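One structure below.
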Amino acid sequence: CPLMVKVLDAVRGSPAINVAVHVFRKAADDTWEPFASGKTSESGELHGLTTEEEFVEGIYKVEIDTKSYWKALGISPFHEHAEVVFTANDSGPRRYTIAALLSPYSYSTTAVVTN
Amino acid sequence: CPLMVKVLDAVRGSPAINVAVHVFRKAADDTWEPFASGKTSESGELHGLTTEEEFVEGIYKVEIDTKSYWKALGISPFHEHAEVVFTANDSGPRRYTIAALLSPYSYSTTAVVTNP
Amino acid sequence: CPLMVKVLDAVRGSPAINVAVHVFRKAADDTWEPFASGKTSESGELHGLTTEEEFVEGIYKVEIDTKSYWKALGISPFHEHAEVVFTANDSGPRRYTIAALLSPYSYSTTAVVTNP
Amino acid sequence: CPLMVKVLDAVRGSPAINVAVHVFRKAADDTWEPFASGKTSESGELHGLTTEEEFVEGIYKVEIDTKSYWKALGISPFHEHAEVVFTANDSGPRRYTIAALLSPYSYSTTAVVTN
């Protein structure tokens, strides 16, 4: 599993469950092409997005659908979504976890890149 | 001043100076149209991007060029840029401060929105 | 103004107003001695805590009363308070801004330190 | 395992390994008494701090020794340590993860409290 996403809710102190996540890869015409997507599990994680064979070097974008997540909790959010854009590199460590911590008007995202 | 951007460096504990920032507005046709751009100052702030008149309702995207920033300090960072995407002015004009706090493999962004 | 505190509410996207803040300085004897205190204003800022003269080298602790804050808005938060502990002025006088960004079960704190 | 700590390094994009963590419980004379301590593992985690029997309701403080961690990387830090202070409650969910994300001049901490 080369690319995993983990999302937390800073308001409830809990995983952010059932959050839609869409990943895109930049194509040679500079557009974003759908690459992988899913919904975070009960532990706030999304696994099984891609495989080592398919996850080649390139520029990827991970879009986390935060606004629908907050609307379903009845809390007015600021952002349309949270967006993480990065270059995957074979010289780096082999596994990428994109973590995100969500509040209605604020989020952080951290990449944890390991062996 | 309805839209301002403030950027901090979490490594040095200082403003992030000379950070390029590009703002786009989602078009009628669904594309991102260029809306305004500038660089942060010595205080890590970017003012004067737009006017209440020009800054109408819409979906806006504030792209902060964090990669050039880290690279010019000798660091190879994770993200290409930070992107902040939000609907603005849909309940009337507001003043928006988009803050970002940067580290090489992490950032956070916070909006402070006040009723002018 | 060598020491200032700024507090934001990540839920509402606004300054956190009326947040009580207590500052302590580590004593000669190792205890935390009361150093200064105040409440954030309408802009979520606390100024005038100390003076360059009084603010000497030492280890300081800035305690931000985040629990009273959330509770007065009907939220039962995780933390009793946020505590920020740092050595100050050990390479000469500096100006310190202690920023905090609050959510019910999370906060972050950032120092911006500049050479006056 | 009722209380776990997980620490990440925002500068290197990695778990924060070998970070000392000390936990204290507030005693009836208002002092902090040592309760549990350890060093984060290679995955940035610390487990086995306490047991459900011993972790009773009370006010606890978790001190994460960030300053020594940054000094060992040769990076000048701001804080002496990061401190998380909270009341454990039996009405809450039964497991507490104190997560912390560290930079030299900034840190965040989040409690993820689950079943």
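Derivation of every value follows stated rules applied to the coordinates shown; laboratory data play no part. Cβ: placed from backbone, ideal geometry, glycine included. Neighbour counts: every protein chain shown.
What pairs can you find where one residue is in segment B:57-68 and more than 9 Å from chain A (Cβ to nearest Cβ) and of a type in the set (S, T, N, Q), the other is surrounded by fewer than 19 Cβ atoms within 10 Å (Cβ to Cβ) and assigned to a strand (DSSP E or B), and their Cβ atoms are less than 9 Å apart, with a gap of 6+ or different chains?
Partner pairs satisfying both residue conditions: B:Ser68/B:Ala20.
Please determine, by comparing only the residues of segment C:1-20 that are within 10 Å of the chain's Cα centre (by Cα) and crowded, with 22+ Cβ neighbours inside 10 Å, which one is farthest from B:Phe86 (Cα to Cα).
At the first step, the residues of segment C:1-20 found to be within 10 Å of the chain's Cα centre (by Cα) are C:3-7, C:19-20.
Keeping just the survivors that are crowded, with 22+ Cβ neighbours inside 10 Å gives C:3, C:5, C:7, C:19.
Details: C:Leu3: 33, C:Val5: 28, C:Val7: 23, C:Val19: 28 Å.
Among those residues, the one meeting the criterion is C:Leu3.
Being within 7 Å of another protein chain (Cβ to nearest Cβ) and of a type in the set (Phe, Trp, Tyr) is the filter here, so list the residues in segment C:79-109 that pass it.
Once the filter is applied, which keeps residues that are within 7 Å of another protein chain (Cβ to nearest Cβ) and of a type in the set (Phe, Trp, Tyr), segment C:79-109 yields C:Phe86, C:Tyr105, C:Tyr107.
Would you call B:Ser43 surrounded by fewer than 19 Cβ atoms within 10 Å (Cβ to Cβ) and within 14 Å of chain D (Cβ to nearest Cβ)? Spell out the reasoning first.
Working: surrounded by fewer than 19 Cβ atoms within 10 Å (Cβ to Cβ): yes; within 14 Å of chain D (Cβ to nearest Cβ): no.
No.
Could you please find all residues in segment D:10-42 being surrounded by fewer than 19 Cβ atoms within 10 Å (Cβ to Cβ) and in contact with a helix residue (DSSP H, G or I) (Cβ under 8 Å, 6 or more places away or on another chain)?
Matches in segment D:10-42: D:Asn18, D:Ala20.
Here's a check for you: in segment D:70-82, which residue that is over 16 Å from D:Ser14 (Cα atoms) and surrounded by fewer than 22 Cβ atoms within 10 Å (Cβ to Cβ) is nearest to the other protein chains (Cβ to nearest Cβ)? Give the derivation first.
Initial filter on segment D:70-82 (over 16 Å from D:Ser14 (Cα atoms)): D:71, D:74, D:76-82.
Narrowing the set further to residues that are surrounded by fewer than 22 Cβ atoms within 10 Å (Cβ to Cβ) leaves D:71, D:74, D:76, D:80-81.
On the way: D:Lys71: 12, D:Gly74: 12, D:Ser76: 9, D:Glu80: 4, D:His81: 6 Å.
So the residue we want is D:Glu80.
Within segment D:43-62, can one find any residue that is buried (at least 19 other Cβ atoms within 10 Å of the Cβ), in contact with a helix residue (DSSP H, G or I) (Cβ under 9 Å, 6 or more places away or on another chain) and not hydroxyl-bearing (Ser, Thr, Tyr)?
No, segment D:43-62 has no match at all.
So in segment D:8-24, with the set limited to residues that are among the hydrophobic types (A, V, I, L, M, F, W, C) and away from chain B (no Cβ under 13 Å), which one is farthest from B:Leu101 (Cα to Cα)? Walk me through how you get there before you give the answer.
Filtering segment D:8-24 down to residues among the hydrophobic types (A, V, I, L, M, F, W, C) leaves D:8, D:10-11, D:16-17, D:19-21, D:23-24.
From what's left, away from chain B (no Cβ under 13 Å): D:17, D:19-21, D:23-24.
Values: D:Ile17: 23, D:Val19: 23, D:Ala20: 26, D:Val21: 26, D:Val23: 29, D:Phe24: 31 Å.
Out of the qualifying residues, it is D:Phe24.
In segment C:77-116, what residues are farther than 30 Å from B:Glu42 by Cα and in contact with a helix residue (DSSP H, G or I) (Cβ under 7 Å, 6 or more places away or on another chain)?
Of everything in segment C:77-116, those that are farther than 30 Å from B:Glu42 by Cα and in contact with a helix residue (DSSP H, G or I) (Cβ under 7 Å, 6 or more places away or on another chain) turn out to be C:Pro77, C:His79, C:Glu80, C:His81, C:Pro104.
Can we say B:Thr51 is away from chain D (no Cβ under 14 Å), under 16 Å from B:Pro34 (Cα atoms), surrounded by fewer than 17 Cβ atoms within 10 Å (Cβ to Cβ) and among the β-branched types (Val, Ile, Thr)?
Working: away from chain D (no Cβ under 14 Å): yes; under 16 Å from B:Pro34 (Cα atoms): yes; surrounded by fewer than 17 Cβ atoms within 10 Å (Cβ to Cβ): yes; among the β-branched types (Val, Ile, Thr): yes.
When the stated conditions are applied, B:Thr51 passes them.
Of all residues in segment B:77-116 being of a type in the set (S, T, N, Q) and in contact (Cβ under 8 Å) with a residue 24 or more places away in the chain, which is nearest to D:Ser14 (Cα to Cα)? Outline the logic, then answer.
Here is the first cut: in segment B:77-116, the ones of a type in the set (S, T, N, Q) are B:87, B:89, B:91, B:97, B:103, B:106, B:108-110, B:114-115.
Next, from what is left, pick out any that are in contact (Cβ under 8 Å) with a residue 24 or more places away in the chain: B:87, B:89, B:97, B:103, B:106, B:109.
Details: B:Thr87: 34, B:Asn89: 39, B:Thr97: 30, B:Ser103: 12, B:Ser106: 11, B:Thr109: 21 Å.
Ranking the candidates gives B:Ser106 first.
Which condition number in (1) within 14 Å of chain D (Cβ to nearest Cβ); (2) buried (at least 16 other Cβ atoms within 10 Å of the Cβ); (3) among the polar types (S, T, N, Q) is the one that B:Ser76 fails?
Result: B:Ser76 fails condition (2) only.
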